[PDB]
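First up is the structure itself, then whatever we jot down about it.
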Amino acid sequence: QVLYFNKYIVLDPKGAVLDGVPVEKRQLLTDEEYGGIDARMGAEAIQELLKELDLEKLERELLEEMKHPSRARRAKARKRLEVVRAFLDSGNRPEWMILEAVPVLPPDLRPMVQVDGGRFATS
Amino acid sequence: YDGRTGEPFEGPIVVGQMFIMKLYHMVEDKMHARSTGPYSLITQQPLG
């Protein structure tokens, strides 16, 4: 929500991490909560984010927090896979979730018919 | 008597003057049929 709108900057890369506190390869940092960027904002963020994101490793970083957990928030743990494995043994890549292409449906489907003369009715 | 056959009905029949009426509905305004015709342009099908 704050990773595009409301500014708020995301912390993507790289870049050795702690400015007034570490800051754990993950995120955000507040607008006037200085630092800089070397990350960005907007979706580019979440884009180059997804891409550079080990696929299978999480089948392990989740298949290790599945047998030695608490059972309170180590419940959603599993759920991560359900999307994960859902992307893997599927043939569908993430990234694309952010659109580098915003298509246009056909005309004969989102009509522009003539009403009673010159004033029309778009779909 | 059944006008068709001279023989009358075989059971007295209750008869009399009954007040009736004609209602709003009259087939004349219902009833239709279309083999083909006006194809909409919006949805792409028969209308109007």
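Ligands are numbered from 1 in the order shown, residues from 1 within each chain, and chains are lettered A, B, ... in the order they appear in the structure tokens.
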Do you have, as a tab-separated table, the list of residues of chain A lying at most 10 Å from chain B, each with its nearest atom pair and that distance in Å to one decimal, counting only C-alpha atoms and ordered by chain then number?
```
residue	atom	partner	partner_atom	distance
A:108	CA	B:42	CA	8.7
A:109	CA	B:42	CA	8.2
A:110	CA	B:42	CA	8.7
A:111	CA	B:42	CA	6.8
A:112	CA	B:42	CA	8.9
A:113	CA	B:42	CA	7.5
A:123	CA	B:42	CA	8.9
```
If you count only C-alpha atoms, which residues fall within 12 Å of residue 1 of chain B, apart from same-chain ones fewer than 6 positions away, as an mmCIF file with N, CA and C atoms, in the first residue's frame?
```cif
data_model
loop_
_atom_site.group_PDB
_atom_site.id
_atom_site.type_symbol
_atom_site.label_atom_id
_atom_site.label_comp_id
_atom_site.auth_asym_id
_atom_site.auth_seq_id
_atom_site.Cartn_x
_atom_site.Cartn_y
_atom_site.Cartn_z
ATOM 1 N N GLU B 7 -81.705 -34.791 -27.940
ATOM 2 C CA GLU B 7 -81.780 -35.272 -26.558
ATOM 3 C C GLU B 7 -81.268 -34.216 -25.574
ATOM 4 N N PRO B 8 -82.001 -33.983 -24.487
ATOM 5 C CA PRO B 8 -81.545 -32.983 -23.530
ATOM 6 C C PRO B 8 -80.553 -33.611 -22.596
ATOM 7 N N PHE B 9 -79.982 -32.789 -21.737
ATOM 8 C CA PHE B 9 -79.052 -33.306 -20.776
ATOM 9 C C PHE B 9 -79.899 -34.131 -19.841
ATOM 10 N N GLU B 10 -79.264 -35.126 -19.231
ATOM 11 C CA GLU B 10 -79.901 -36.052 -18.295
ATOM 12 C C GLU B 10 -79.607 -35.721 -16.827
ATOM 13 N N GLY B 11 -80.037 -34.536 -16.422
ATOM 14 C CA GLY B 11 -79.830 -34.089 -15.069
ATOM 15 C C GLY B 11 -80.243 -32.651 -15.117
ATOM 16 N N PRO B 12 -81.086 -32.222 -14.192
ATOM 17 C CA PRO B 12 -81.465 -30.818 -14.265
ATOM 18 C C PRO B 12 -80.168 -30.034 -14.271
ATOM 19 N N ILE B 13 -80.217 -28.819 -14.811
ATOM 20 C CA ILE B 13 -79.043 -27.950 -14.899
ATOM 21 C C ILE B 13 -79.288 -26.595 -14.262
#
```
For atom CA of residue 103 of chain A and atom CA of residue 5 of chain A, the interatomic separation in Å (one decimal): 22.6 Å
Residue list (strand (DSSP E or B), DSSP) for chain B, as a compact mmCIF listing (two decimals) with N, CA and C atoms, in the first residue's frame:
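Okay, selection-v3.txt is ready:
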```
# COMPACT_ATOMS: atom_id res chain seq x y z
N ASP B 2 -79.27 -30.20 -25.74
CA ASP B 2 -77.99 -29.97 -26.41
C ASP B 2 -78.28 -29.77 -27.88
N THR B 5 -77.63 -32.55 -30.41
CA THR B 5 -78.44 -33.76 -30.41
C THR B 5 -79.75 -33.41 -29.71
N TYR B 39 -31.64 -7.85 -34.95
CA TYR B 39 -30.51 -8.37 -34.19
C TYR B 39 -29.92 -7.15 -33.47
N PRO B 46 -31.05 -10.74 -31.05
CA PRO B 46 -32.45 -10.32 -31.25
C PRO B 46 -33.11 -9.47 -30.15
```
Considering only C-alpha atoms, state which residue in the set A:97, A:104, A:58, A:37 is at the smallest distance from residue 82 of chain A. A:58
As a short mmCIF file (atom, residue, chain, number, x, y, z; two decimals) with N, CA, C and O atoms, in the first residue's frame, list the residues of chain A assigned to alpha helix (DSSP H) by DSSP on the backbone atoms of this structure.
```
data_model
loop_
_atom_site.label_atom_id
_atom_site.label_comp_id
_atom_site.auth_asym_id
_atom_site.auth_seq_id
_atom_site.Cartn_x
_atom_site.Cartn_y
_atom_site.Cartn_z
N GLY A 42 7.41 2.84 -6.47
CA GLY A 42 6.56 2.35 -7.53
C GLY A 42 6.62 0.84 -7.63
O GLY A 42 7.15 0.18 -6.74
N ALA A 43 6.08 0.28 -8.70
CA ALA A 43 6.11 -1.17 -8.85
C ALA A 43 7.46 -1.68 -9.29
O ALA A 43 7.82 -2.81 -8.96
N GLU A 44 8.21 -0.87 -10.03
CA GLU A 44 9.53 -1.30 -10.48
C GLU A 44 10.03 -2.08 -9.30
O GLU A 44 10.46 -3.22 -9.41
N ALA A 45 9.91 -1.44 -8.14
CA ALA A 45 10.31 -2.04 -6.89
C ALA A 45 9.91 -3.51 -6.86
O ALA A 45 10.72 -4.40 -7.11
N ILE A 46 8.64 -3.75 -6.58
CA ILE A 46 8.14 -5.10 -6.50
C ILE A 46 8.45 -5.90 -7.76
O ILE A 46 8.48 -7.13 -7.72
N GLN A 47 8.72 -5.22 -8.87
CA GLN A 47 9.03 -5.95 -10.10
C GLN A 47 10.41 -6.60 -9.96
O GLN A 47 10.50 -7.77 -9.56
N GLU A 48 11.46 -5.84 -10.26
CA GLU A 48 12.83 -6.36 -10.16
C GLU A 48 12.96 -7.08 -8.82
O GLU A 48 13.91 -7.82 -8.58
N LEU A 49 11.97 -6.86 -7.96
CA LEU A 49 11.93 -7.53 -6.67
C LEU A 49 11.62 -8.99 -6.99
O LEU A 49 12.50 -9.85 -6.88
N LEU A 50 10.39 -9.27 -7.42
CA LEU A 50 10.01 -10.63 -7.74
C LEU A 50 11.09 -11.36 -8.53
O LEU A 50 11.66 -12.33 -8.05
N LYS A 51 11.38 -10.87 -9.73
CA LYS A 51 12.41 -11.50 -10.57
C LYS A 51 13.49 -12.07 -9.67
O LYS A 51 13.52 -13.28 -9.40
N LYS A 57 14.56 -22.21 -3.22
CA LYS A 57 15.07 -21.99 -1.87
C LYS A 57 13.95 -21.83 -0.86
O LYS A 57 14.05 -22.32 0.26
N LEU A 58 12.89 -21.12 -1.24
CA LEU A 58 11.79 -20.94 -0.32
C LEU A 58 11.05 -22.25 -0.11
O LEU A 58 10.25 -22.39 0.81
N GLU A 59 11.32 -23.23 -0.97
CA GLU A 59 10.68 -24.52 -0.78
C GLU A 59 11.45 -25.12 0.40
O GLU A 59 11.01 -26.08 1.00
N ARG A 60 12.60 -24.52 0.72
CA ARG A 60 13.44 -24.98 1.84
C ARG A 60 13.35 -24.06 3.07
O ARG A 60 13.38 -24.53 4.21
N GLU A 61 13.26 -22.75 2.85
CA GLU A 61 13.17 -21.78 3.94
C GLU A 61 11.78 -21.86 4.58
O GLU A 61 11.50 -21.22 5.60
N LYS A 76 0.73 -19.47 8.72
CA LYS A 76 0.71 -18.83 7.39
C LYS A 76 1.94 -19.32 6.64
O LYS A 76 1.99 -19.30 5.40
N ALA A 77 2.93 -19.77 7.41
CA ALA A 77 4.17 -20.29 6.87
C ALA A 77 3.78 -21.20 5.71
O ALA A 77 4.11 -20.93 4.55
N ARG A 78 3.05 -22.26 6.04
CA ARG A 78 2.60 -23.20 5.03
C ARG A 78 2.00 -22.43 3.85
O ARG A 78 2.47 -22.55 2.71
N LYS A 79 0.99 -21.62 4.13
CA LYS A 79 0.31 -20.86 3.09
C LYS A 79 1.26 -20.20 2.10
O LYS A 79 0.91 -20.04 0.93
N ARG A 80 2.45 -19.82 2.53
CA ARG A 80 3.35 -19.22 1.58
C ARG A 80 3.50 -20.19 0.42
O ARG A 80 3.24 -19.83 -0.73
N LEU A 81 3.88 -21.43 0.71
CA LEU A 81 4.04 -22.41 -0.35
C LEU A 81 2.86 -22.42 -1.31
O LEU A 81 3.04 -22.25 -2.51
N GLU A 82 1.65 -22.61 -0.77
CA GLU A 82 0.43 -22.68 -1.60
C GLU A 82 0.33 -21.68 -2.75
O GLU A 82 -0.54 -21.79 -3.62
N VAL A 83 1.20 -20.69 -2.75
CA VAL A 83 1.23 -19.73 -3.82
C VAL A 83 2.52 -20.13 -4.51
O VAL A 83 2.58 -20.37 -5.71
N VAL A 84 3.55 -20.25 -3.68
CA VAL A 84 4.87 -20.65 -4.11
C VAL A 84 4.79 -21.83 -5.06
O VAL A 84 4.85 -21.67 -6.27
N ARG A 85 4.69 -23.01 -4.47
CA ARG A 85 4.60 -24.24 -5.24
C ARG A 85 3.59 -24.00 -6.36
O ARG A 85 3.68 -24.60 -7.43
N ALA A 86 2.64 -23.11 -6.11
CA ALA A 86 1.60 -22.79 -7.09
C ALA A 86 2.20 -22.14 -8.32
O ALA A 86 1.65 -22.25 -9.42
N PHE A 87 3.32 -21.45 -8.13
CA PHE A 87 4.03 -20.77 -9.21
C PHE A 87 5.02 -21.72 -9.87
O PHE A 87 5.24 -21.69 -11.08
#
```
With only C-alpha atoms as the counted atoms, please give the residues lying no more than 7 Å from residue 4 of chain A, apart from itself and same-chain residues fewer than 2 positions off, as a PyMOL selection string. chain A and resi 1-2+6-7+41-43
With only C-alpha atoms as the counted atoms, please give the residues lying no more than 10 Å from residue 37 of chain B, apart from itself and same-chain residues fewer than 3 positions off, as number ranges by chain. B: 34, 40, 45-48
